[PDB]
Amino acid sequence: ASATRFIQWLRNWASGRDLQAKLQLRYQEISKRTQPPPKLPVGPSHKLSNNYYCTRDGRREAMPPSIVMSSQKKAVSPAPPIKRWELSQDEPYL
Amino acid sequence: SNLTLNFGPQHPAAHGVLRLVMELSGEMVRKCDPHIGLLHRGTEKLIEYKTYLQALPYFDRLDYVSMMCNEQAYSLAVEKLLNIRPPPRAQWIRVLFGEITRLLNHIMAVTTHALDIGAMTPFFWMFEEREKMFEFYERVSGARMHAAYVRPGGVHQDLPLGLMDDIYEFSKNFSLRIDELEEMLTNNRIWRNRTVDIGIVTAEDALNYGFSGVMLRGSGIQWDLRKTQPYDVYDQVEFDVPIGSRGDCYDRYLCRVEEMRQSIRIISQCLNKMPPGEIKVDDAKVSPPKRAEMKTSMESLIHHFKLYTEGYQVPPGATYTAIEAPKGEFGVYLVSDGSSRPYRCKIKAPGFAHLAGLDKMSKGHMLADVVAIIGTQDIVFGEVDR
Amino acid sequence: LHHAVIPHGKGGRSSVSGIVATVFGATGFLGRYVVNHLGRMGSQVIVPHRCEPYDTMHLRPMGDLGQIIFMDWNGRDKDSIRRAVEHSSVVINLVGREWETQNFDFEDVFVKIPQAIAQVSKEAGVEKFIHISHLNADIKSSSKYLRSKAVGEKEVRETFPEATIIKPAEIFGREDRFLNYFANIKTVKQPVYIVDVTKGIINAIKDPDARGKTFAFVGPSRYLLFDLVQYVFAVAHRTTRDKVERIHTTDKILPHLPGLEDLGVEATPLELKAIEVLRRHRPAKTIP
Amino acid sequence: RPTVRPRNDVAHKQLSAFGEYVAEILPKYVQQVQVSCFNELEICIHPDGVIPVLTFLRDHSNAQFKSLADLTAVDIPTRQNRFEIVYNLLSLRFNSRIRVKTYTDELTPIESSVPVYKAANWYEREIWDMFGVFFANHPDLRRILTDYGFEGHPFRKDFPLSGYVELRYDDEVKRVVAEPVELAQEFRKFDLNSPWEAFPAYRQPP
Amino acid sequence: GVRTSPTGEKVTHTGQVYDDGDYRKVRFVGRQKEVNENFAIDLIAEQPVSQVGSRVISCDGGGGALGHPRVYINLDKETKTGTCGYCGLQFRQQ
Amino acid sequence: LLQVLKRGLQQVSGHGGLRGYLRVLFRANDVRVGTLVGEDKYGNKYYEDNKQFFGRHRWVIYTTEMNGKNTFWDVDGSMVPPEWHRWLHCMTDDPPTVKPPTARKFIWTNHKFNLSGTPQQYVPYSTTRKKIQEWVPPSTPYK
Amino acid sequence: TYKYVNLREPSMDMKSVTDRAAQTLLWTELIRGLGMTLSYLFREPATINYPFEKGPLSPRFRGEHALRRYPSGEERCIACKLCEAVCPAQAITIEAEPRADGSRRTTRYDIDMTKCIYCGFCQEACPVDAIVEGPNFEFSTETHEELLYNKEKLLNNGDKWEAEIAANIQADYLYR
Amino acid sequence: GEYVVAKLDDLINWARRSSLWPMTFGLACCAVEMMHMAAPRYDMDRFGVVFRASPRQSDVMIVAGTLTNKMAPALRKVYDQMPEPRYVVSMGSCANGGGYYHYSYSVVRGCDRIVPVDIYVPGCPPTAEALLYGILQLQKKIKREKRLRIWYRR
Amino acid sequence: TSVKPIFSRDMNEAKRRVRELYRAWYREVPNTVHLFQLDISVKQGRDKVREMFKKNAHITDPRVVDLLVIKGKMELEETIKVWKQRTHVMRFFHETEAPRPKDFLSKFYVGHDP
Ligand SMILES: NC(=O)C1=CN([C@@H]2O[C@H](COP(=O)(O)OP(=O)(O)OC[C@H]3O[C@@H](n4cnc5c(N)ncnc54)[C@H](OP(=O)(O)O)[C@@H]3O)[C@@H](O)[C@H]2O)C=CC1
Ligand code: SF4
Ligand code: SF4
Ligand code: SF4
Ligand SMILES: [Zn+2]
């Protein structure tokens, strides 16, 4: 930011861009290194009632694998064929 | 004859040491035999003596340029066996830092790729940007690299106040930095002479050799796990997948540079769409309670004590979970026996298959084209060797 | 025994050998082999050094963490000898030069310094003392090096009566001044391998009867100096006044003194170890 | 519920139907088919079926599992065939994954799958290196991760964590040497398993 | 309450000190024995007992969430003080 | 360009003459003039210049003597005491002159820099007492 | 959604052909690259004057360990061994016994700083904020043995750095 | 004589510590922070520590990462080919004492079992600033050397 | 007891493959000593080869013999292709490991191991 007006022109012209708008060194735009204290929220299970753990226990709803066949019709694919990707409307060609 | 490429460049480089046994005839490479294992540290056996939390830091040290992406893969695998769901703010944070990590990796991949070829100036310009992104890692986790921030259940801590504005400030100017990198390489006839038509791989050969990531997309294969098999909140962000047309080093180089631009595009959406709420699953049998709860509530203290000693138990089962890591498909085959320590943990490193293809990709090339070909695959022997 | 120095482990790097040794002259040729064998079995080694610490770096990997301790000392300062030997159970003296300097002559390194180490070691309560003299030491010798060895050996025996005195022949090894001496330039020699002498010293520490005795360490074969020197050039694909007089001194025969065999060490023929010593420079008749 | 992973019923039906499809077509080798509660389809096959089953899944029009994502082994010492060989495959056409498992013991060779997937070349070398499972008709089967001359297969459950030998540089012989392992601090084994059952849904019969 | 043994070695708050015949004290020769000199047993005994007017009092060590888990201390015995098992502060019913 | 040269000459005067200018140039390899934020009890001086880019906007000029050591040429980062360490590394915005640390009687009054390689270096040892007490035989030969 | 990174067909009109010929013969695209490195020469460097200037850190920074006290001076650690249990590297070794006043305190508290991964799990597991990773990172040593910390070393680190550790904890404890 | 030797050590110590050319083994993670020390923020070159060197032109070897049994012989050979004076800087927990793989069958428990180490830089990884502190600590160690004073008193 | 074989279908087939391995190892020792510049004699190297084959003489399982031959061939290749360094070839001799007491009294003095 301290560069003279001539040097700013010189490096702007050499690079072809306006480097001063997007300096790669940081000045005052950064956040202050001291911040106000946070007050973080709590999750959905912070209830005093209607909150029995057996109604929200993900681990206990896991099950052993379903056995489709054990040694002890139309053809199917493992899933429907993948849909074709559409070309970008933002910038199709680089 | 027979040569052996040096362990590493004379300049400082961070991707591991390789013993490459080469067969040549004149200037031409007749055979490449990569001798790896020089960084094999028995990570997978060590993980079997750790609880599921204790094993998480082992994943920062695999592809130790894409730290949080490796964490996310392991966290998704454990969350899947636990049958729980991380909270939405955690998912947005994980995608936000997933793309920041993708920038970190692609800077390392592209500028060290140029540095090894001898174009060394862009390395210095772009690791000043990596230094600022290390500051983002250290501000959420206290560590510049091995954060151990993403965990099964969400993230360890919430973003410090003021972090998002600083990430916005960095992202504001980053595209110009990519533009300066392209000014040095993209149209440079010397760079193109070193990369164009080097290490061509056909689409079918790429699939059968087990490639993934840019190694597939450089050959025109329209595959990106963030699009086809989305995880976390990747289905709520807009981005384009770069696709190559010639399957060579130059097309893969352009894909990585364009992926960096799309990462900035995704980061812009994460900053604007970050929702409020908690950061880890509100389930004190998986995620430890807040320190204020641990010091006031009997249930909270018990769960804190047990989570930090025995750890949480994972229902028995096995999953293969993979993500679109910056280096390709990074997966884990995680086997649970019902206890609080994993029974088996195989790590699928994208660079393992890629380095296995070096012999194929280098046929009929010069000794210096092997340098470019290991460069375009972006190999980190931390993940190749485990 | 004191509970700290009871042997423990399987005799490896992390084991406890029970030996606490102060090795004077540890930075030289013989010293580096002694420290290596002491650190191999998990001993506490005190290495007093006169030299720049950079010159002691090759000793650091020779022991587990905390097993090699370095100290500064001066040959003319008894207080720096007391500090070094105070906590040791054996003191080993390997001090010496093959030439005299302005500051130290052979009456210093081979008489005054060994006496001071023995005198202080005795006063401090050290149990075992190992002193290195020379096979050909003799007060009638034309070599002042060998004359001082005779006087020092005699004075060490007075000061520390239970000391174990070892009298090696010329020692050959990778860093010797023997085979490397010939390879760089009437008499019978019986050179002895460096590892044989080192094992002899290490067993003298362990063996109870070794106390108070004098040993002579000699190789298995006697060679005429001419043939030995002839052999070096063939194998190698090819100083001072006092040094020359030692190389021309015939290696004494001392059947009345015990040798390597008595300490359980079998002497290594010079033939099996000449290439090792000499390869970098790129079978003589044995007297019966 | 906010903390519970949602169920995907459509993919569970889809993967079940495809599992029966593969079982009906390959009865010579398929021993079991199951789909987990998080919707991963596993085909358990006799080891003789490695090449036919993997070729069918790669080439068949309704399968098209062109990418071998991973190939690994699991050691379960209590089983007569302690080693479980796991193939994880990816179908880009149908945006689906499948896992194919077989088994072997210490002395029984498995057929190399290099003909089906060139990706398998290094994976099988790693399984040989780390578990000691031999693959028949492998172009170049040798150690890949361990040091030259390394004895044993470290990923076996009965291989000690710190091994049997350790390295150091020895000044006497002027080279790196290998000696029996001694540890200044032994690894501290922890018994962490709670004596109370956690998951009734998985209870084994008495 | 640091003190020296006959050999002149400082005794730690844990009571450690190498005895006379111990060779291991050679590690301190030309160096020093690291000893912390703020003995916690002596500092906590300088704190004045607190007088309260209830049978039960709670201690969190001070600082709210920056202290230790909150515990409740019974003060029925009049022959001794109630001590906090986390921080060692003492209480007496008045 | 004339104003650039003027700023260069104001740095000589800003350092109290040429001797103080050459002093900091050879000690710190830098001649910038900042605002003296404060000084600690060991003689270290702390400066700030918010016009500089982040990371260069704060700096310390180390003291020439600390704890009986000559640090005119031998300075290192471990010489900054903890109260100023927080400010210098931008963990906080307030220097200890504005927000002093809480007083505790066990806190070191005298900061010590890195003592490795000196006779004051830390030497590890086991802090536990002997586990097994041996039997001491009688001193009388009753036998 | 996808895009092509390199699917452009060059224009073959004589003007465009001559434009490419000028680029080949006159090295114009090489001249352009020289401009970019020239523009950097006149930019202000990013270097900071270490050790007189320091890299910016945050209160969460995981540096050298320390054992903390209560304001009374009593040790916070109660020998619960949760840090020893969670340590991913098995870098902590603890022994404990009743103190002479009956207090539950450690007799051994070692951290092998060459085993530690500086992960901060111990300070998360600690229920009383006894063990922390402080802000110090400039503590390299000349010997391996100096990095094997015992309880005296760690307590001294706590007394040494408490002024800054307490402030860092005050600035971040509401995120924990 | 005494005066000259003191000033002569001052000169050569100044020269050797002001021109420390490093060979880095970028073995693993820690090599990334090593690269950040060469990057513009810290610019190790400004201290005289050049960017690239070559083993046979190097003064200091920086072991930056995990050393496995498979790599141990090759690292010792590079150390043996370095011309003297040569120094070794052990960077990070893995090279310091094995770190997080200390109990592995395939990891050397500290590079000081293979080569003598002058400085140990703690961290996993040590920050680029921590490594720079260790490098400047090695310069002070060289500044303390007294090769000619010792030689003159032999 | 009907099992899939590796190479050999019986012990006589296996013994043939064993003898070819011995010939290959026997002939390579003189080259190994020279290429690696070992300080052992060719006779010493060949004695070690005999020692290694000898301690597997009791095996009567053809599958186990095939694995022993398979492993032995891999070791030969590592040596032939110079993938092993000097350190690797010399680990068969344990030069730095002091002799271990074998009798009862010697083991009783040193420690508790049998
Ligand atoms: N090597 C041989 O062929 C034979 C050797 N011996 C005896 O073996 C012993 C050692 O042999 P070797 O190891 O070859 O001798 P070296 O010269 O190789 O090493 C001698 C040791 O003595 C130290 N030293 C020398 N002078 C002094 C002094 N004035 N003050 C303090 N320390 C000093 C040296 O330390 P610094 O490096 O500091 O000088 C060095 O460590 C000697 O006593 C020698 O007489 C006997 C017969 C044969
Ligand atoms: S920071 Fe991590 S590795 Fe280090 S002592 Fe604490 S828990 Fe163990
Ligand atoms: S430091 Fe904390 S977690 Fe560790 S034993 Fe002490 S009180 Fe328990
Ligand atoms: S010390 Fe830490 S950062 Fe360095 S290589 Fe080892 S695990 Fe990676
Ligand atoms: Zn309390």
# chains A, B, ... in the order shown; residues from 1 in each chain; ligands from 1
>>> residues_around(residues="segment 63-68 of chain D", least_positions_apart="3", cutoff="10 Å", atoms="only C-alpha atoms", output="ChimeraX atom specification")
/A:76-79 /B:204,206-212,353 /D:18,22,54-60,71,87-99,116-120
>>> closest_atom_pairs(of="chain E", to="ligand 3", cutoff="12 Å", atoms="only C-alpha atoms and all ligand atoms", output="Markdown table")
| residue | atom | partner | partner_atom_place_in_ligand_line | distance |
| --- | --- | --- | --- | --- |
| E:67 | CA | ligand 3 | 7 (S) | 11.7 |
| E:68 | CA | ligand 3 | 7 (S) | 9.6 |
| E:69 | CA | ligand 3 | 7 (S) | 11.2 |
| E:85 | CA | ligand 3 | 7 (S) | 11.9 |
| E:86 | CA | ligand 3 | 7 (S) | 9.1 |
| E:87 | CA | ligand 3 | 7 (S) | 10.9 |
>>> residues_around(residues="residue 155 of chain G", least_positions_apart="3", cutoff="8 Å", atoms="only C-alpha atoms", output="number ranges by chain")
E: 36; G: 66-68, 151-152, 158-159
>>> select_by_dssp(residues="segment 31-93 of chain I", states="helix (DSSP H, G or I)", output="ChimeraX atom specification")
/I:31-35,42-54,62-80,86-92
>>> write_last_selection(atoms="C-alpha atoms", output="PDB file, in the first residue's frame")
ATOM      1  CA  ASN I  31      28.593 -62.878  -7.406  1.00  0.00           C
ATOM      2  CA  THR I  32      26.802 -61.653  -4.280  1.00  0.00           C
ATOM      3  CA  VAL I  33      30.066 -61.493  -2.347  1.00  0.00           C
ATOM      4  CA  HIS I  34      31.627 -59.474  -5.157  1.00  0.00           C
ATOM      5  CA  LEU I  35      28.810 -57.093  -6.146  1.00  0.00           C
ATOM      6  CA  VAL I  42      32.334 -67.529  -0.594  1.00  0.00           C
ATOM      7  CA  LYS I  43      32.511 -70.633   1.589  1.00  0.00           C
ATOM      8  CA  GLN I  44      30.940 -68.718   4.480  1.00  0.00           C
ATOM      9  CA  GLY I  45      28.111 -67.518   2.262  1.00  0.00           C
ATOM     10  CA  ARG I  46      27.455 -71.018   0.958  1.00  0.00           C
ATOM     11  CA  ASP I  47      27.501 -72.433   4.484  1.00  0.00           C
ATOM     12  CA  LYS I  48      24.741 -69.992   5.429  1.00  0.00           C
ATOM     13  CA  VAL I  49      22.738 -71.096   2.388  1.00  0.00           C
ATOM     14  CA  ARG I  50      23.065 -74.714   3.515  1.00  0.00           C
ATOM     15  CA  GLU I  51      22.099 -73.697   7.045  1.00  0.00           C
ATOM     16  CA  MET I  52      18.913 -72.009   5.832  1.00  0.00           C
ATOM     17  CA  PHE I  53      17.870 -74.983   3.690  1.00  0.00           C
ATOM     18  CA  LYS I  54      18.821 -77.404   6.459  1.00  0.00           C
ATOM     19  CA  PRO I  62       4.136 -80.032  -0.357  1.00  0.00           C
ATOM     20  CA  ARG I  63       2.112 -76.823  -0.042  1.00  0.00           C
ATOM     21  CA  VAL I  64       4.396 -75.580   2.731  1.00  0.00           C
ATOM     22  CA  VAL I  65       7.445 -76.467   0.636  1.00  0.00           C
ATOM     23  CA  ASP I  66       6.082 -74.501  -2.322  1.00  0.00           C
ATOM     24  CA  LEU I  67       5.657 -71.426  -0.134  1.00  0.00           C
ATOM     25  CA  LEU I  68       9.162 -71.909   1.242  1.00  0.00           C
ATOM     26  CA  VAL I  69      10.480 -72.122  -2.315  1.00  0.00           C
ATOM     27  CA  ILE I  70       8.328 -69.170  -3.394  1.00  0.00           C
ATOM     28  CA  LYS I  71       9.704 -67.061  -0.556  1.00  0.00           C
ATOM     29  CA  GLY I  72      13.247 -68.239  -1.249  1.00  0.00           C
ATOM     30  CA  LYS I  73      13.015 -67.249  -4.906  1.00  0.00           C
ATOM     31  CA  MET I  74      11.808 -63.761  -3.996  1.00  0.00           C
ATOM     32  CA  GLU I  75      14.824 -63.361  -1.727  1.00  0.00           C
ATOM     33  CA  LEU I  76      17.093 -64.476  -4.559  1.00  0.00           C
ATOM     34  CA  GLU I  77      15.592 -61.909  -6.937  1.00  0.00           C
ATOM     35  CA  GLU I  78      16.032 -59.074  -4.438  1.00  0.00           C
ATOM     36  CA  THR I  79      19.692 -60.083  -4.217  1.00  0.00           C
ATOM     37  CA  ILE I  80      20.171 -60.681  -7.947  1.00  0.00           C
ATOM     38  CA  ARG I  86      24.768 -54.264   1.754  1.00  0.00           C
ATOM     39  CA  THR I  87      22.960 -54.090   5.095  1.00  0.00           C
ATOM     40  CA  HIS I  88      20.225 -56.482   3.956  1.00  0.00           C
ATOM     41  CA  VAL I  89      22.541 -59.242   2.757  1.00  0.00           C
ATOM     42  CA  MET I  90      24.538 -59.195   6.008  1.00  0.00           C
ATOM     43  CA  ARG I  91      21.508 -59.616   8.287  1.00  0.00           C
ATOM     44  CA  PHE I  92      21.769 -63.397   7.880  1.00  0.00           C
TER      45      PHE I  92
END
>>> atom_distance(atom1="atom CA of residue 181 of chain C", atom2="atom CA of residue 246 of chain C")
12.5 Å
>>> residues_around(residues="residue 19 of chain D", least_positions_apart="6", cutoff="10 Å", atoms="only C-alpha atoms", output="JSON list (two decimals) with N, CA, C and O atoms, in the first residue's frame")
[["chain", "number", "residue", "atom", "x", "y", "z"],
["A", 67, "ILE", "N", -30.28, -60.70, 4.63],
["A", 67, "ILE", "CA", -29.74, -61.80, 3.85],
["A", 67, "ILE", "C", -30.69, -62.08, 2.70],
["A", 67, "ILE", "O", -31.78, -62.63, 2.89],
["A", 68, "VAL", "N", -30.29, -61.67, 1.49],
["A", 68, "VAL", "CA", -31.13, -61.85, 0.32],
["A", 68, "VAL", "C", -31.13, -63.32, -0.11],
["A", 68, "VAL", "O", -32.19, -63.89, -0.39],
["A", 69, "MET", "N", -29.96, -63.93, -0.16],
["A", 69, "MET", "CA", -29.82, -65.34, -0.48],
["A", 69, "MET", "C", -28.80, -65.94, 0.47],
["A", 69, "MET", "O", -27.88, -65.27, 0.92],
["A", 76, "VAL", "N", -32.62, -56.69, -14.12],
["A", 76, "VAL", "CA", -32.46, -55.49, -13.32],
["A", 76, "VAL", "C", -31.01, -55.04, -13.38],
["A", 76, "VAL", "O", -30.09, -55.82, -13.64],
["A", 77, "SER", "N", -30.81, -53.75, -13.15],
["A", 77, "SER", "CA", -29.51, -53.16, -12.94],
["A", 77, "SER", "C", -29.37, -52.75, -11.48],
["A", 77, "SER", "O", -30.37, -52.63, -10.77],
["A", 78, "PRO", "N", -28.14, -52.54, -10.99],
["A", 78, "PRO", "CA", -27.99, -52.17, -9.58],
["A", 78, "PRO", "C", -28.68, -50.86, -9.23],
["A", 78, "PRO", "O", -28.99, -50.64, -8.06],
["D", 13, "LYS", "N", -34.25, -51.69, -1.78],
["D", 13, "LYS", "CA", -34.96, -52.57, -2.71],
["D", 13, "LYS", "C", -34.16, -52.80, -3.98],
["D", 13, "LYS", "O", -34.06, -53.92, -4.47],
["D", 32, "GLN", "N", -23.67, -66.44, -0.63],
["D", 32, "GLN", "CA", -24.53, -65.61, 0.20],
["D", 32, "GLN", "C", -24.63, -64.23, -0.42],
["D", 32, "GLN", "O", -23.69, -63.75, -1.06],
["D", 33, "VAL", "N", -25.78, -63.59, -0.23],
["D", 33, "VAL", "CA", -26.01, -62.22, -0.66],
["D", 33, "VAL", "C", -26.69, -61.47, 0.47],
["D", 33, "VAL", "O", -27.68, -61.96, 1.03],
["D", 34, "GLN", "N", -26.18, -60.30, 0.81],
["D", 34, "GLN", "CA", -26.80, -59.51, 1.86],
["D", 34, "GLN", "C", -26.60, -58.03, 1.59],
["D", 34, "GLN", "O", -25.64, -57.62, 0.94],
["D", 35, "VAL", "N", -27.54, -57.23, 2.09],
["D", 35, "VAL", "CA", -27.51, -55.78, 1.97],
["D", 35, "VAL", "C", -27.57, -55.20, 3.38],
["D", 35, "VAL", "O", -28.43, -55.58, 4.17],
["D", 41, "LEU", "N", -24.33, -53.60, -0.90],
["D", 41, "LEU", "CA", -24.60, -54.96, -1.33],
["D", 41, "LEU", "C", -23.31, -55.76, -1.33],
["D", 41, "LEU", "O", -22.31, -55.33, -1.92],
["D", 42, "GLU", "N", -23.33, -56.91, -0.67],
["D", 42, "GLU", "CA", -22.17, -57.80, -0.58],
["D", 42, "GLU", "C", -22.52, -59.15, -1.17],
["D", 42, "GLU", "O", -23.53, -59.75, -0.81],
["D", 43, "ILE", "N", -21.67, -59.63, -2.07],
["D", 43, "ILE", "CA", -21.78, -60.97, -2.65],
["D", 43, "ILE", "C", -20.65, -61.81, -2.07],
["D", 43, "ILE", "O", -19.48, -61.49, -2.26],
["D", 98, "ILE", "N", -20.53, -52.25, -5.46],
["D", 98, "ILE", "CA", -20.77, -53.62, -5.02],
["D", 98, "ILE", "C", -19.51, -54.13, -4.35],
["D", 98, "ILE", "O", -18.40, -53.75, -4.71]]
>>> residues_around(residues="residue 4 of chain F", least_positions_apart="5", cutoff="12 Å", atoms="only C-alpha atoms", output="PDB file with N, CA and C atoms, in the first residue's frame")
ATOM      1  N   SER A   2       2.126   1.154   0.349  1.00  0.00           N
ATOM      2  CA  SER A   2       2.988   2.322   0.483  1.00  0.00           C
ATOM      3  C   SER A   2       3.678   2.711  -0.827  1.00  0.00           C
ATOM      4  N   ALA A   3       3.487   1.907  -1.871  1.00  0.00           N
ATOM      5  CA  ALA A   3       4.191   2.137  -3.126  1.00  0.00           C
ATOM      6  C   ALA A   3       3.826   3.494  -3.713  1.00  0.00           C
ATOM      7  N   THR A   4       4.815   4.148  -4.317  1.00  0.00           N
ATOM      8  CA  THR A   4       4.585   5.428  -4.963  1.00  0.00           C
ATOM      9  C   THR A   4       3.636   5.262  -6.144  1.00  0.00           C
ATOM     10  N   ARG A   5       3.080   6.387  -6.597  1.00  0.00           N
ATOM     11  CA  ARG A   5       2.113   6.332  -7.686  1.00  0.00           C
ATOM     12  C   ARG A   5       2.752   5.871  -8.990  1.00  0.00           C
ATOM     13  N   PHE A   6       4.034   6.173  -9.201  1.00  0.00           N
ATOM     14  CA  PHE A   6       4.707   5.709 -10.411  1.00  0.00           C
ATOM     15  C   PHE A   6       4.938   4.204 -10.379  1.00  0.00           C
ATOM     16  N   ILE A   7       5.404   3.676  -9.248  1.00  0.00           N
ATOM     17  CA  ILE A   7       5.655   2.243  -9.157  1.00  0.00           C
ATOM     18  C   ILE A   7       4.353   1.468  -9.297  1.00  0.00           C
TER      19      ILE A   7
ATOM     20  N   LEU F   9      15.380   9.746   5.372  1.00  0.00           N
ATOM     21  CA  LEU F   9      16.162  10.561   6.293  1.00  0.00           C
ATOM     22  C   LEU F   9      15.461  10.744   7.628  1.00  0.00           C
ATOM     23  N   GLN F  10      14.129  10.758   7.637  1.00  0.00           N
ATOM     24  CA  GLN F  10      13.405  10.840   8.897  1.00  0.00           C
ATOM     25  C   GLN F  10      13.579   9.585   9.742  1.00  0.00           C
ATOM     26  N   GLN F  11      13.946   8.454   9.134  1.00  0.00           N
ATOM     27  CA  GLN F  11      14.206   7.251   9.918  1.00  0.00           C
ATOM     28  C   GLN F  11      15.513   7.360  10.688  1.00  0.00           C
TER      29      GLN F  11
END
>>> residues_near_ligand(ligand="ligand 5", cutoff="10 Å", atoms="only C-alpha atoms and all ligand atoms", output="PyMOL selection string")
(chain E and resi 58-62+67-73+83-90) or (chain G and resi 70+76)
>>> closest_atom_pairs(of="chain H", to="ligand 4", cutoff="7 Å", atoms="only C-alpha atoms and all ligand atoms", output="JSON lines")
{"residue": "H:28", "atom": "CA", "partner": "ligand 4", "partner_atom_place_in_ligand_line": "5 (S)", "distance": 4.6}
{"residue": "H:29", "atom": "CA", "partner": "ligand 4", "partner_atom_place_in_ligand_line": "8 (Fe)", "distance": 3.9}
{"residue": "H:30", "atom": "CA", "partner": "ligand 4", "partner_atom_place_in_ligand_line": "4 (Fe)", "distance": 3.9}
{"residue": "H:64", "atom": "CA", "partner": "ligand 4", "partner_atom_place_in_ligand_line": "4 (Fe)", "distance": 6.6}
{"residue": "H:65", "atom": "CA", "partner": "ligand 4", "partner_atom_place_in_ligand_line": "5 (S)", "distance": 3.7}
{"residue": "H:66", "atom": "CA", "partner": "ligand 4", "partner_atom_place_in_ligand_line": "5 (S)", "distance": 5.0}
{"residue": "H:92", "atom": "CA", "partner": "ligand 4", "partner_atom_place_in_ligand_line": "1 (S)", "distance": 4.0}
{"residue": "H:93", "atom": "CA", "partner": "ligand 4", "partner_atom_place_in_ligand_line": "1 (S)", "distance": 4.0}
{"residue": "H:94", "atom": "CA", "partner": "ligand 4", "partner_atom_place_in_ligand_line": "6 (Fe)", "distance": 4.2}
{"residue": "H:95", "atom": "CA", "partner": "ligand 4", "partner_atom_place_in_ligand_line": "1 (S)", "distance": 6.6}
{"residue": "H:99", "atom": "CA", "partner": "ligand 4", "partner_atom_place_in_ligand_line": "1 (S)", "distance": 6.2}
{"residue": "H:100", "atom": "CA", "partner": "ligand 4", "partner_atom_place_in_ligand_line": "7 (S)", "distance": 6.3}
{"residue": "H:123", "atom": "CA", "partner": "ligand 4", "partner_atom_place_in_ligand_line": "1 (S)", "distance": 6.4}
{"residue": "H:124", "atom": "CA", "partner": "ligand 4", "partner_atom_place_in_ligand_line": "2 (Fe)", "distance": 3.4}
{"residue": "H:125", "atom": "CA", "partner": "ligand 4", "partner_atom_place_in_ligand_line": "3 (S)", "distance": 3.6}
>>> residues_around(residues="residue 4 of chain E", least_positions_apart="6", cutoff="12 Å", atoms="only C-alpha atoms", output="number ranges by chain")
E: 10-13, 15-19, 33, 35
>>> write_last_selection(atoms="C-alpha atoms", output="JSON list (two decimals), in the first residue's frame")
[["chain", "number", "residue", "atom", "x", "y", "z"],
["E", 10, "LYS", "CA", 16.82, -31.22, 46.53],
["E", 11, "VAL", "CA", 13.80, -33.34, 47.45],
["E", 12, "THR", "CA", 10.78, -32.98, 45.20],
["E", 13, "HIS", "CA", 7.19, -32.52, 46.33],
["E", 15, "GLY", "CA", 9.53, -37.13, 47.93],
["E", 16, "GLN", "CA", 11.98, -38.25, 45.25],
["E", 17, "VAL", "CA", 15.70, -38.06, 45.89],
["E", 18, "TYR", "CA", 18.60, -40.23, 44.76],
["E", 19, "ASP", "CA", 20.18, -41.99, 47.72],
["E", 33, "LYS", "CA", 17.95, -31.17, 38.94],
["E", 35, "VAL", "CA", 12.56, -29.08, 40.92]]
